[PDB]
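Chains as they are written, first to last, in the authors' numbering: chain 6, 2 to 48; chain R, 2 to 119; chain P, 2 to 134; chain J, 2 to 176; chain Z, 19 to 91; chain 0, 253 to 463; chain 4, 1 to 79. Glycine is no exception: its CB is placed at the ideal position from the N, C-alpha and C atoms. Single-structure report; data block below.
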Amino acid sequence: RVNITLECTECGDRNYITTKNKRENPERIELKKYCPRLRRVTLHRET
Amino acid sequence: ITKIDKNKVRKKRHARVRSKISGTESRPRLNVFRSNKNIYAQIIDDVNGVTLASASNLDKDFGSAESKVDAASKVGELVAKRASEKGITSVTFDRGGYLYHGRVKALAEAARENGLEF
Amino acid sequence: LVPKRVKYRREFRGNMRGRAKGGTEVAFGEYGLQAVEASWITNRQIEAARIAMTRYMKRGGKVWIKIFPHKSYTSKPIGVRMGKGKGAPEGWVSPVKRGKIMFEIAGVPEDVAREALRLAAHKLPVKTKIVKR
Amino acid sequence: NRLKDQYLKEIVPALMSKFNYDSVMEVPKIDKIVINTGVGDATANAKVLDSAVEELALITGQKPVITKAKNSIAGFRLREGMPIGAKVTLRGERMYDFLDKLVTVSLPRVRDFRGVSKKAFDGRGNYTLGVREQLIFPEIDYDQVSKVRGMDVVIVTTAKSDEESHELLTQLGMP
Amino acid sequence: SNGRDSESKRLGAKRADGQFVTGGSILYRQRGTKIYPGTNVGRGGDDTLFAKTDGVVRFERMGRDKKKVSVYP
Amino acid sequence: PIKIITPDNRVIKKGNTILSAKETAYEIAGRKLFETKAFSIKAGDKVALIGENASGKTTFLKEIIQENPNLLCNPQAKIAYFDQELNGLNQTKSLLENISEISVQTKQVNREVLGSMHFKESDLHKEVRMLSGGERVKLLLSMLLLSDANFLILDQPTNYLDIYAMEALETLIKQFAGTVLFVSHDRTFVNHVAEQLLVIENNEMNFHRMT
Amino acid sequence: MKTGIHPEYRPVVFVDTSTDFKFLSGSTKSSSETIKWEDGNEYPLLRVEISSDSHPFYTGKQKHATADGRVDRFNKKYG
RNA sequence: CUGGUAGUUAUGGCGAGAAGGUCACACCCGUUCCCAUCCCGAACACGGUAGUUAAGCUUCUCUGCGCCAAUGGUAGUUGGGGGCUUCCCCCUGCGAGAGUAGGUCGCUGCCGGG
RNA sequence: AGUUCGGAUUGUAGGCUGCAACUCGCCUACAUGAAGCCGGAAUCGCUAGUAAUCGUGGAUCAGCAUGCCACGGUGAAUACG
RNA sequence: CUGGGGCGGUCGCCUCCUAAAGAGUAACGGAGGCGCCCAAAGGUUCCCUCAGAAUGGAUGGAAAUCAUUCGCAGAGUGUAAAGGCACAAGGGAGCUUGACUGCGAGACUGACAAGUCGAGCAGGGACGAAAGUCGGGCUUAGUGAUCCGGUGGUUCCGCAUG
RNA sequence: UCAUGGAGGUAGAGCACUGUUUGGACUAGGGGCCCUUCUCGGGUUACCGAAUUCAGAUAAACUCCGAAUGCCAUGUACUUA
RNA sequence: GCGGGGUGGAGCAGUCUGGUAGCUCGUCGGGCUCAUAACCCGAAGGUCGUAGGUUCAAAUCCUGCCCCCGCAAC
Ligand SMILES: Nc1ncnc2c1ncn2[C@@H]1O[C@H](COP(=O)(O)OP(=O)(O)OP(=O)(O)O)[C@@H](O)[C@H]1O
Ligand SMILES: [K+]
Ligand SMILES: [Mg+2]
Ligand SMILES: [Mg+2]
Ligand SMILES: [Mg+2]
Ligand SMILES: [Mg+2]
Ligand SMILES: [Mg+2]
Ligand SMILES: [Mg+2]
Ligand SMILES: [Mg+2]
Ligand SMILES: [Mg+2]
């Protein structure tokens with residue numbers, strides 16, 4: 002169970018921090034979250 | 002066996018609906034009651050409880066026999082008419098505890114087609 | 002007497018204000034022992050009174066002990082200051098209020114009954130009287 | 002619809018002229034049959050369901066649902082949520098076919114078939130038995146059964162009492 | 019062994035029946051819905067009943083074993 | 253330490269002929285590999301199989317499991333094979349799946365054997381793609397031990413094992429109730445384990461009840 | 001019923017091969033035979049041993065009272 | 001009158017008993033289409049009215065359970081004052097719970113067919 | 001090849017003997033088919049017609065022998081010391 | 001801190017009782033918990049409802065699973081307890097990521113620091129036909145100042161100018 | 001202060017839950033005398049006995065109930081600072 | 001009350017790191033011997049004090065009790 006920055010793929014800008022269990026979710030999470038630079042929803046993956 | 006009462010389980014669902022919907026003058030509730038022979042329908046406000054308008058497949062007018070589903074469409078069109086007459090433009094649909102699948106969805110979309118807005 | 006299982010070991014002392022809530026009216030037995038003043042009554046006192054009554058009745062009659070020692074009490078040992086926690090439980094008691102019928106008898110005559118209840122009362126820290134159905 | 006035809010032809014008039022009903026709808030019917038294995042062995046092996054499910058579906062003609070435990074029990078080494086046995090609900094044409102097959106073919110195949118207990122009534126008007134060993138049914142071979150187990154057969158009725166239920170099942174052919 | 023407690027959370031009511039109240043005001047802090055939310059009233063994440071429009075507080079009975087609160091201008 | 257815990261599969265009589273193989277010259281692409289001089293293998297035999305590289309060993313094992321009539325394994329033998337290149341696993345399945353499908357045995361027993369191979373709780377849901385070269389070997393051997401087999405047959409299990417696991421495997425093969433036919437270029441392991449020897453030399457296969 | 005889930009289930013004619021009692025009902029097993037019983041339809045034929053038409057509990061059952069056991073055997077051997 | 005739809009703290013319910021009806025509400029019939037079930041046309045969903053008031057449902061009867069429910073008193077109590085002070089008594093005001101007399105098979109409102 | 005090996009053990013039915021075959025005889029038929037796939041540490045007989053091996057007979061005895069005492073048939077290896 | 005000091009215990013956060021029917025309320029007063037977890041144990045849309053008993057039943061028994069009946073909750077509510085919840089906040093399924101960005105009239109609490117609730121506005125989305133709900137979880141604990149360092153980013157500065 | 005409207009669960013009371021408990025009915029089951037007996041099942045024992053149920057007691061951390069007071073406010077009432 | 005421990009008959013591990021029963025002596029049996037010992041060959045003997053928990057599974061991790069050896073208290 003670990004804290005996780007989430008960076009945008011179009012920007013590379015770390016828009017969010019959240020958590021995951023590092024065993025039950027062993028991969029870089031991907032989630033669709035708003036990027037305020039672009040002012041649209043965008044796919045963010047873990048760093 | 003004690004069989005079910007369809008109407009009672011229907012009203013249990015209808016309470017799930019009504020815990021999130023009620024009617025007001027600005028935006029009444031459009032209730033759909035369904036039977037095996039016909040469909041009844043009403044437009045009512047709950048602050049007052051006067052059924053502002055209505056329609057049904059039991060009337061002396063407009064009768065037809067297209068396996069009850071296009072009859073449902075007719076009831077939708079007819080509440081749309083009879084409500085736009087009395088000034089209503091906006092309401093919240095109440096599926097009565099029935100699903101938004103068949104006769105009910107047909108009623109609804111006939112209303113949406115004619116002069117009635119959700 | 003003791004309660005077998007207790008949820009909270011340590012418990013406040015309480016009050017004995019007011020007349021007894023119920024149990025003032027002897028119901029089961031013919032004769033009974035009424036408390037006129039309030040007091041605590043221990044399991045030991047109940048045991049003593051019961052045995053004395055039963056010996057004078059020589060295994061006759063039917064006895065009822067209405068009260069039970071639910072509550073507990075602590076005492077700190079000697080040489081121990083105040084504080085550093087509440088004491089350990091030592092004994093079980095019944096807070097008896099005035100009017101309460103602590104003991105009842107059926108199954109024996111007037112004389113035997115009155116005399117056995119008299120013998121019982123002297124083991125108790127409460128002023129009593131004796132009362133019939 | 003051998004036995005449904007039979008039912009509506011002969012037994013409803015016969016049974017209502019016996020029990021003297023005030024209408025044609027007081028007359029009993031079979032609502033349903035419910036078959037249930039009751040597997041507890043599945044705590045320790047997964048192959049057992051893999052046998053029983055296929056075997057019921059062959060015996061019955063529609064897939065069984067694996068039922069699960071409502072609560073956890075340590076005396077059976079049983080955690081909640083585990084899969085315990087399977088069941089089927091047969092209604093209509095297939096319950097009638099199942100009774101047809103049953104009395105016609107499989108009940109006689111039992112070792113010493115001298116009928117079945119008439120006292121086995123729930124008190125409300127339904128009946129239950131249990132096939133001790135599933136090889137009694139023809140749809141399944143003996144050479145496929147690694148290990149035998151039984152299953153409860155519930156015959157549910159709209160009958161209000163044991164008498165009416167027994168007469169229904171006697172007219173349909175249950176000994 | 020023992021001897022720890024938590025800071026008390028100042029629960030209970032915060033405005034009275036008949037008391038005018040500005041929007042957003044807190045009306046009843048609580049755990050769960052010891053008082054249900056009513057008319058012009060919400061329930062927050064921590065179950066607090068707050069007013070949504072300017073108005074006058076009113077405590078009102080629902081069915082027997084339950085209560086609510088409403089705000090009426 | 254590691255040691256393997258084996259379920260009591262079947263205990264057929266020591267001395268029963270498990271495999272009768274008659275004398276026969278073999279060839280896979282036409283080219284001769286060797287000549288078998290005939291022999292038999294009994295139950296309880298810890299048969300080593302020895303040879304250089306490209307000697308005919310893996311080929312011979314494939315012939316066994318394909319049931320050449322020149323190599324009659326008796327019935328009730330219950331073969332169980334381990335390959336040099338680990339094809340016996342399904343690279344799709346997790347290992348609890350891969351081993352709970354092929355285990356005839358109880359879940360508890362399945363987990364006991366995995367524990368005896370020293371797989372942690374974290375590992376059960378890993379892909380076979382996701383495993384050490386040694387853990388894959390342990391998977392196939394644990395799967396082989398859960399299968400009800402009375403006749404193990406093992407082409408080079410010494411490959412990606414450490415000292416602890418090689419000692420535990422030595423113990424296994426040396427204590428194993430059934431019968432076993434293994435290959436290994438470890439002289440140490442084969443000396444420690446070999447009760448009997450199958451030898452390929454100069455295109456001549458032979459058999460010896462020696463070490 | 002759904003599609004694909006349930007097994008092949010079809011109307012099949014049982015026949016008691018003790019007395020040729022014919023009887024239609026649904027099942028999921030050919031027994032590698034077919035007939036056209038009840039003219040107007042094909043039906044596979046799931047032949048079988050004893051049926052309700054022949055079982056002794058549904059019919060006569062006094063049979064197989066063959067010997068009393070050891071007694072007639074003694075008296076038959078020694079007169 | 002009846003089918004929906006509401007409000008009202010169960011005096012509104014639970015239970016029991018009785019009468020009626022494809023005008024409606026139903027049960028029922030079927031799965032041919034939509035769509036459906038860890039399986040199942042039971043449910044949902046669709047298409048129909050052959051049989052029925054058995055049950056749901058409408059109406060009516062009841063005090064068995066439940067619910068409500070005073071009056072009077074008792075408890076406890078604010079304030080004041082007394083003592084003999086594990087506690088208690090008195091004056092004024094308020095005032096239960098329990099229990100009892102008694103009430104209850106609902107009461108109001110809207111729309112549509114007949 | 002646990003085999004047409006092996007032949008136990010058991011079931012049924014027979015035969016003899018003897019007043020009598022359960023305890024408790026022997027033999028037969030059918031069926032069953034056990035253990036055993038050459039024996040740990042140790043230990044025994046034998047130098048020639050012997051050892052090994054095969055059958056036979058006698059006594060005791062109604063019946064009851066793998067035991068005992070005699071019989072012949074076949075017939076070796078080895079002895080440095 | 002401390003019924004002298006000391007030993008022993010405790011030191012921060014949550015929950016009950018004490019706490020005297022608003023709130024608050026002490027003690028080396030009585031009881032327990034926390035320093036997490038969950039990628040579904042969240043969001044929505046739809047669906048339904050538990051414990052336990054009575055029997056009837058093949059392995060299967062006091063008690064696995066099944067049928068009928070009774071049953072306002074005697075269950076469950078990730079976890080302590082209190083409050084609350086069955087017109088769900090309890091259970092399944094589908095689709096998803098609102099476990100969003102900017103903020104926030106106004107209130108609670110409160111020495112300060114801080115903590116708490118927040119309708120609603122805008123942006124751009126998820127679910128749903130729609131209404132509408134969604135700024136984590138039934139609620140209340142799950143945490144720690146600055147100073148100093150590190151990482152990423154930036155139409156900021158850059159000791160004469162670049 | 002008066003009137004009016006409200007939150008609130010104390011005192012008390014009560015047992016409608018949870019615990020503690022008395023007496024009675026009744027019992028799964030344990031101990032013994034045993035009948036037996038593959039101790040299988042019975043004669044069963046007041047020697048106990050989970051629970052279940054009827055009546056009656058008890059509660060700071062129990063509540064179907066529930067005051068007085070005190071608190072919040074509203075008012076134009078009536079005084080007062 | 002505080003520490004150690006409780007595992008075949010004895011002494012000791014193994015526990016911390018869940019699947020693994022071990023070392024020495026001894027016991028029983030058979031051999032050697034005139035017999036005993038020693039030696040050689042085989043075998044048995046522990047459900048890990050106990051009652052409950054957690055876990056797929058416990059000597060092993062958690063809890064209560066009961067015992068033994070020390071140290072204190074008395
Ligand atoms: N299917 C085949 N087709 C052609 N040649 C083959 C095939 N299988 C094996 N061979 C050849 O046969 C020879 C020996 O084969 P195999 O791999 O079985 O040997 P081995 O003794 O088991 O070797 P190793 O232990 O190194 O794997 C090699 O030359 C190999 O290339
Ligand atoms: K006295
Ligand atoms: Mg929250
Ligand atoms: Mg590696
Ligand atoms: Mg010589
Ligand atoms: Mg307070
Ligand atoms: Mg510069
Ligand atoms: Mg009190
Ligand atoms: Mg109290
Ligand atoms: Mg172990």
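Show which residues of chain R have a CB atom less than 7 Å away from the CB atom of residue i.
i: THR159 (chain J); result: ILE2
i: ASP123 (chain J); result: Going along chain R, no residue has its Cβ under 7 Å from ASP123 (chain J), so there is no contact; the nearest lies around 12 Å.
Given 6 Å as the limit, tell me if residue i has its C-beta closer than that to any heavy atom belonging to ligand 2.
i: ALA122 (chain P); result: yes
i: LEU34 (chain P); result: no
May I ask you to check if the CB of residue i is nearer than 6 Å to at least one heavy atom of ligand 3?
i: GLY63 (chain Z); result: yes
Nearest-angstrom Cα distance between residue i and residue j?
i: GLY86 (chain P); j: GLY21 (chain Z); result: 9 Å
i: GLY77 (chain R); j: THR25 (chain R); result: 20 Å
i: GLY13 (chain 6); j: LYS23 (chain 6); result: 22 Å
i: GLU110 (chain R); j: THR52 (chain R); result: 21 Å
i: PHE77 (chain Z); j: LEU125 (chain P); result: 55 Å
i: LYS98 (chain P); j: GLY19 (chain P); result: 7 Å
i: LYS13 (chain R); j: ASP95 (chain R); result: 14 Å
i: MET17 (chain J); j: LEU170 (chain J); result: 14 Å
i: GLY98 (chain R); j: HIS15 (chain R); result: 4 Å
i: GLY308 (chain 0); j: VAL445 (chain 0); result: 22 Å
i: residue 1 (chain 6); j: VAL75 (chain Z); result: Chain 6 is shown from 2 up to 48; residue 1 (chain 6) falls before or after that span and cannot be answered.
i: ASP297 (chain 0); j: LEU398 (chain 0); result: 20 Å
i: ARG28 (chain Z); j: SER73 (chain P); result: 34 Å
By the criterion of Cβ-Cβ separation under 7 Å, what are the contact partners of residue i in chain 0?
i: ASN46 (chain J); result: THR358, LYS359
Interface residues of chain J around residue i at Cβ under 7 Å?
i: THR28 (chain 4); result: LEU59, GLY62, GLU140
i: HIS55 (chain 4); result: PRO109, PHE114
Check whether the Cβ of residue i sits closer than 6 Å to any heavy atom of ligand 1, and report yes or no.
i: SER307 (chain 0); result: yes
i: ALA332 (chain 0); result: no
Contact list for the segment 344-362 of chain 0 against chain J, Cβ threshold 7 Å: Of all residues in the segment 344-362 of chain 0, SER352, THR358, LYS359, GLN360 have a Cβ within less than 7 Å of some Cβ in chain J.
Contact set between the segment 2-17 of chain 4 and chain J, restricted to residues whose Cβ is under 7 Å from the partner: Taking 7 Å as the Cβ-Cβ cut-off against chain J, the residues of the segment 2-17 of chain 4 that qualify are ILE5, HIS6, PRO7, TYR9, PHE14.
Chain J contacts made by the segment 28-47 of chain 4, where a contact means CB separation under 7 Å: Per Cβ criterion, the list reads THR28, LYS29, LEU46.
Chain R contacts from the segment 28-46 of chain J (Cβ-Cβ distance under 7 Å): Of all residues in the segment 28-46 of chain J, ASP32 have a Cβ within less than 7 Å of some Cβ in chain R.
Short-range partners of chain 4 found in the segment 92-107 of chain J, where Cβ spacing is below 8 Å: Residues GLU94, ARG95, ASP98, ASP101, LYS102, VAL104, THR105, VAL106.
Inter-stretch contact (C-beta, 8 Å, three-pair minimum) for the segment 159-174 of chain J and the segment 16-35 of chain J: Of all C-beta pairs linking the segment 159-174 of chain J to the segment 16-35 of chain J, three or more are shorter than 8 Å, placing the two stretches in contact.
Contact between the segment 30-48 of chain P and the segment 108-128 of chain P (3+ Cβ pairs under 8 Å): Counting C-beta pairs with one atom in each stretch, the segment 30-48 of chain P and the segment 108-128 of chain P have three or more that are closer than 8 Å, which means they touch.
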